[PDB]
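K.L.:
Experimental structure and its sequence below.
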Amino acid sequence: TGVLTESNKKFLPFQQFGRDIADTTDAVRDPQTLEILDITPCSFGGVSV
Amino acid sequence: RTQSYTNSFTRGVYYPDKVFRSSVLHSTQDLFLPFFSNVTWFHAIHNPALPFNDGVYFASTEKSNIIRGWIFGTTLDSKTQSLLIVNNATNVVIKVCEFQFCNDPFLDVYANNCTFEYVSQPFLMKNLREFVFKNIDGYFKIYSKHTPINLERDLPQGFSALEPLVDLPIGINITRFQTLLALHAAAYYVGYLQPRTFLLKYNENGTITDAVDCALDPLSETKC
Ligand SMILES: *[C@@H]1O[C@H](CO)[C@@H](O)[C@H](O)[C@H]1NC(C)=O
Ligand SMILES: *[C@@H]1O[C@H](CO)[C@@H](O)[C@H](O)[C@H]1NC(C)=O
């Protein structure tokens, strides 16, 4: 789950994903058309009363 | 052929995965070329074949369009397993040739089984130009991979990248290794890869800029 946006990262033509330190995907390439789109989970945080 | 000797000079670092990383000091464990290793400087004017011992790092500094392809195989004679790659400039075909086709192998210019007819694009691609190859067998799929370079010396000072090129999923028990010349003087380098742990340095681009061989000297072990 997450939001998607356009990417300024220049993927090499043989690359598909982009990985993070905790083995989660940072950016992915769309399989239909060749464009690079980012991966970022939706807004969350703690709630204090 | 003349068997000279040259050190590898921190050349042959390659991309181990199809994953974009940026500004991460990632440490991999793949079959790399060890730093400062005795590669060979075969001067081909004369001819038995070379071993394929867990991957062959191939380099050649020719510009006159001489180097063509290789005969990655096992026994290359007849009637045996004989699944030998007939790797060429553009026809990367896996024909069982039995005996040696194209007469004795020099690429003159001027039945059993009929399977695995793989055909692909032009495999390779103004004073000097050096071709760098890192053919590994690996797990079933043979990986063949090429990078360009600008300046040409006897494996000069510098770092390069890989840019993987093909991923042919065919080839069984390759132990012996050949090389095609162009005859109507080659001077190609051969290095042998070993399983070692590397520490690759990326940047803002997707580009391996530096690498550290984690078992060369104790300083590199401290760095890793
Ligand atoms: C590579 O092998 C040759 C074979 O004798 C040897 O002379 C040379 O010193 C070796 N290179 C090394 C150990 O770096
Ligand atoms: C990353 O690649 C772009 C595209 O050529 C280049 O302009 C930029 O300078 C590179 N970043 C470096 C070398 O730090």
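P.N.:
All right, it came through fine. Residues are numbered from 1 along each chain as shown, chains lettered A, B, ... in the order given. Ligands and ions are numbered 1, 2, ... in the order given.

K.L.:
For stretch B:84-93, list every residue counted as buried.
P.N.:
The neighbour-count check on stretch B:84-93 (16 or more other CB atoms under 10 Å in any protein chain shown) flags B:84-88, B:92 as buried. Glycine gets a C-beta too; all of them are placed from N, C-alpha and C.

K.L.:
out of these, who's nearest residue B:114?
P.N.:
Of all those, residue B:114 sits closest to residue B:86, with 13.5 Å by CB to CB.

K.L.:
Kindly list the main-chain dihedrals of that closest one?
P.N.:
Per-residue torsions, residue B:86: phi -120, psi 40 (degrees, to the nearest 10).

K.L.:
just the one 3 residues further on next, same as before
P.N.:
The phi and psi torsions at residue B:89 (degrees, to the nearest 10) take the values phi -70, psi -40.

K.L.:
cool, residue B:58 as well?
P.N.:
Dihedral angles for residue B:58 - degrees, to the nearest 10 - are phi -110, psi 130.

K.L.:
hang on, it packs against residue B:189?
P.N.:
Yes. Using CB atoms under 8 Å as the test, residue B:58 is close enough to residue B:189 to be in contact (7.3 Å).

K.L.:
Pick out whichever of the buried residues of stretch B:84-93 sits closest to ligand 2.
P.N.:
Comparing the buried residues of stretch B:84-93 against ligand 2 with CB to the nearest ligand atom places residue B:92 closest, at 31.0 Å.

K.L.:
so what's the closest one closest to, chain neighbours aside?
P.N.:
residue B:120 (5.3 Å; CB to CB, 6 or more residues apart in numbering or on different chains).

K.L.:
can you list the residues of chain A near ligand 2?
P.N.:
Chain A comes close to ligand 2 at residues residue A:10, as judged by CB under 6 Å from any ligand atom.

K.L.:
In chain B, what residue spans correspond to strands?
P.N.:
Here chain B has its strands, by DSSP state E, at B:5-7, B:19-20, B:25-32, B:38-42, B:50-51, B:56-60, B:131-135, B:144-147, B:164-166, B:176-177, B:188-192, B:194-201, B:210-213.

K.L.:
go on, chain A?
P.N.:
With DSSP E as the criterion, chain A has strands spanning A:17-19, A:25-29, A:36-38.

K.L.:
Point me to the residue of chain A nearest ligand 2.
P.N.:
The minimum distance from chain A to ligand 2, using CB to the nearest ligand atom, falls at residue A:10 (5.9 Å).

K.L.:
Okay, the most centrally placed residue in chain A and residue B:26: tell me how far apart.
P.N.:
With distances taken as CA atoms, centre = their mean, residue A:39 lies nearest the centre of chain A, 2.1 Å away. Distance from residue A:39 to residue B:26, counting by CB to CB, to the nearest Å: 19 Å.

K.L.:
Flag every residue of chain B that's near ligand 2.
P.N.:
Near ligand 2, when you scan chain B using CB under 6 Å from any ligand atom, you find B:203-205.

K.L.:
top of the residues you listed by neighbour count?
P.N.:
Greatest neighbour count in the residues of chain B next to ligand 2, by other CB atoms under 10 Å in any protein chain shown, goes to residue B:205: 14 neighbours.
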